[PDB]
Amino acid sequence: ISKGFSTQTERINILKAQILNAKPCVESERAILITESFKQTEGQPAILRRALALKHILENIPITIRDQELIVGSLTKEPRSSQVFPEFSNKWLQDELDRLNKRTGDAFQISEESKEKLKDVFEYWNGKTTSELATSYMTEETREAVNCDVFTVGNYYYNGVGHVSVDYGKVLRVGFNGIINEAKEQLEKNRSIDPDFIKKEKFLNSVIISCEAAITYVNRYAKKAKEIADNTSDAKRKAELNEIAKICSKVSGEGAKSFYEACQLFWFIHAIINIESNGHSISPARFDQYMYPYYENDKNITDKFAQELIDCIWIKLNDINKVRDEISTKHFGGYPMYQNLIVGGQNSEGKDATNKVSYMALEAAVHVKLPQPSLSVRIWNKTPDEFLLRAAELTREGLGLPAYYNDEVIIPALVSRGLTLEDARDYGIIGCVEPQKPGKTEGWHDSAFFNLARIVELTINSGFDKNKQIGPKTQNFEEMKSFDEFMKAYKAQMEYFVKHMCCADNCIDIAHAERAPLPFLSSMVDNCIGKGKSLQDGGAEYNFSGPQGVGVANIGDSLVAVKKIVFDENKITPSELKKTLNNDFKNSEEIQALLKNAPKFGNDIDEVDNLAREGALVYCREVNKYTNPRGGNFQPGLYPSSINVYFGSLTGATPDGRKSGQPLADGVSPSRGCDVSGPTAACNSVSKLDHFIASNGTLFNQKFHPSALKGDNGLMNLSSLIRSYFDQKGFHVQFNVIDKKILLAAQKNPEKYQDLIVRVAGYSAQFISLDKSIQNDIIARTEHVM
């Protein structure tokens, strides 16, 4: 049953326009301030330096209240802009200062004045960043493996970590004063003559200073609100501002006690986190679970105003941005922050937890129609039908939202990783598809991207690449007589690179703990205050590291091709295939056709599906061998953000028929046009993979022609498709519902399609802000009907 969606107030349109009409730029205030503070704390421990720096920033950072805002708090003067974080890395910025506004995608403006002020910043931070210490900790062998174009650990290397869902619920209940009082109590409790207390004390004091600075920050908006009110004409806007001033004053240090207060305090928590560090994927998680109580108890609010407040937060979540270097930008195209917000699911007791706020979140997506937040819904055996159908309506809107997650697979997967059953049932998603128990984890849910297809090249070329032996010298492909020998060489190549990728991640882990322990963020994740340790030092109850494998379909299709055509049927000799591949099928399209016609993943053909499964398993098993410095384990992920295009441009021709330089498959999805047996057959193939071991998450994309979702019948079919895929143990699925014509038009006349939103992989983005190479990949994806 289609119910349709309500309409947003005019204010929502005003606010939305602010985001879309904004010209993304790089501001310099924060960079100046943090450098300023660090110059004065040279003789203080890192944790105190971080606390004092946050304090200096929050007391001097410019304060902005955009016109018509109900929820205030902006990190940059210009909307949808980015601050700078010199503490992690900055030389890349110094190199790109003049070509930032010359980008085809993810372009950023920067005044001549800002360029001038950053000079001193670059000068001071030379050798004092986390990225430089990280490099120093790595062995020479690891530094080389890092530059072989097999994997990339740049995410946490060039910028902050993030990828966490803080315990918003706790802070909303006790406010910043509560966090302070808790730290003060621990300080009293653990007082001791034991040397260990020395460092624990500095950590706790750092937490106090941080939350105190947070209280100052909120008060600053409180004062600014009045100054605007006193000089605003119409009593309506004046009245709203006086309310804002009043609300900010209360949630200044106290906990929320009304829905409005809860919304504002929630935003300040989220905002401050993004000022302390620029790691993205700061996910609100189960927003409907911790916000509902405040909605239910507020006896003076109307559902209309409650909805408007929510719509404002949806818009504020879009105001945050982050500038990355040229290369990294290809890994995260479309100004993505990946702030995942999930709705629905079950509670810790195993009962359904759908509530009104669950539905208001879905409604907001339609009211705002912006890339953020990354709206998601949890599905389980007892998911109410109305809820799943309502999510289906949203999907039909063509925003790529929401992403669907299967409780039936994730819960068991999390418990096997060490979470209690209660914590597992209460999971939220971080960034793209990474599950975690909110308020208790330091997951590092995206510590690297690993190119699986690249390993196939190395196996065929015995570790030799370009003009150097970059990987182990495994058995020559030419001398192989069985597929087993190929699989052993494949595993040997896999083992070597996974080892160095993880080792590299651990050096970066150490660097962050050594130069950038986060006092503020740590105060909201369990055990940090109790243990007197930061997140970087293992204070979290649960600790993980999550590296992503990219090219699942390419690996499955390649292995079956080598197995069937070379070793089984002997149509080609190893020596012939190797030459053909190294030559990119030049003067040998007969062999390419033979490869392209081989069985392909995504058609419910077990012979290939099982090799895609096994190929991925070799990767996942290698990752499970590793441990991080925080005492946690590494767990495999299979998602790609937008790196499948970049990775593909660095990979030669592969045994599945793909020509050199072409994009790799996205997530665990079948390759372009290879899934020619319908949506269902494709879901059956994907569900054959091991979605339990890849506990860091797997991503599955599917694109339907609009006609497939028309009418109630269309909604019914989408629900069946989803349920059927999840019953077979699928991890996640999300859908694009657009006509190819609209996308093509967008490429011709961007000006006319500024509000066009499309799903990339785990997140939605403004289509015209994506590089052409990413746009084309999306356009080329298989299009299904039901």
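Numbering starts at 1 and follows the sequence shown.
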Taking only the CA atoms, which stretch has the higher mean B-factor in the record, 485-493 or 630-638?
-> 485-493
Could you check the entry and say whether 615-623 or 181-189 has the higher mean CA B-factor?
-> 181-189
Go through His500, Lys468, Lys382, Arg324 one by one and give the residue whose Cα B-factor in the PDB entry is largest.
-> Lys468
Given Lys128, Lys224, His691, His512, the residue at which the Cα B factor reaches its maximum = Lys224
Name the third of the chain's ranked CA B-factors that contains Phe38, choosing lowest, middle or highest.
-> middle
Pull the Cα B-factor of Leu581 out of the PDB entry and bin it into the chain's lowest, middle or highest third.
-> highest
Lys703 CA temperature factor, ranked by third within the chain | middle
Hey, what third does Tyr646 fall into on Cα B-factor, ranked over its chain?
-> middle
Relative to the other modelled residues of the same chain, rank the CA B-factor of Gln734 and answer lowest, middle or highest third.
-> lowest
